[PDB]
Each structure stands twice: as C-alpha cells, then as structure tokens.
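Chains as they are written, first to last, in the numbering used here: chain A, -5 to 27; chain B, -5 to 27; chain C, -5 to 27.
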Amino acid sequence: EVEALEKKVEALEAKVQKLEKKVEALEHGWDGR
Amino acid sequence: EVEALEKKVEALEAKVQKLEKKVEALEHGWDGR
Amino acid sequence: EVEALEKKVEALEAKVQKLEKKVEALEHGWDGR
C-alpha cells in the first residue's frame, strides 16, 4: 500500500496546486476571467 | 495508520475530482455560470 | 514514509477544505463574487 499511497498523494498535491492557482485567478479576476 | 491514510486519501481524491469539474465549469463558463 | 505521508495528507485536507469553500462561494456568487 504505502508505495501506492505515496503516488496518489503526489498526484493529489499536483492537482491541488493547479486548483489553487485556477481558483486564485477566478477570485482575483486575473486576465479578465 | 496506513488503513486510515488510505481512507483519507480516497476521500481527498473524490473531493479533488469534484473540485476540478466545478472549476473547469467556472473557467469555461459552462451552462451560463 | 508513513509519518511524512500523514503530514502531506493533512496539508491536503486543509487545502481541499479551503478550495471547497472558495469554489462554493464562486458557484453561489456569495458576497457579490
């Protein structure tokens, strides 16, 4: 498990980082969005 | 721990998938949103 | 690993909770957003 868990957590971290950026752009209205 | 960790990661994956869909709908403006 | 995994999952849970709130505010248009 622990190896599989490591991979899924790393996937999630990448996805959470991208969502934070997208949501921060939506909240601030960057680039006319 | 490892059993608890598995459950929380699975919860997070579901939540991250729903957030991606919602944010992709906000970014693309689907359905007048 | 398992200790490191616990910390990253906890970080992710906090971040996912904040994103849910922000996205729910964007979807519902709370506070004129």
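All C-beta atoms, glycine included, are put in the ideal place defined by N, C-alpha and C.
Item	Value
Host alpha helix (DSSP H) of A:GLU21 (start-end)	-4 to 22
Exposure of C:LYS15, with buried meaning 16 or more beta-carbon neighbours within 10 Å	exposed
Proximity winner among A:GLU21, A:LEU6 and A:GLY26, relative to C:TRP24 (alpha-carbon distances)	A:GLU21
CB contact check: B:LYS1 to chain C, cutoff 8 Å	no
Below-8 Å beta-carbon distance, C:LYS9 vs any chain A residue	yes
8 Å Cβ cutoff, B:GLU14 in contact with chain C	no
Pairwise C-alpha distance: B:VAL(-4) and residue 35 of chain A	Lying outside -5 to 27, the shown extent of chain A, residue 35 of chain A is not represented and no answer is given.
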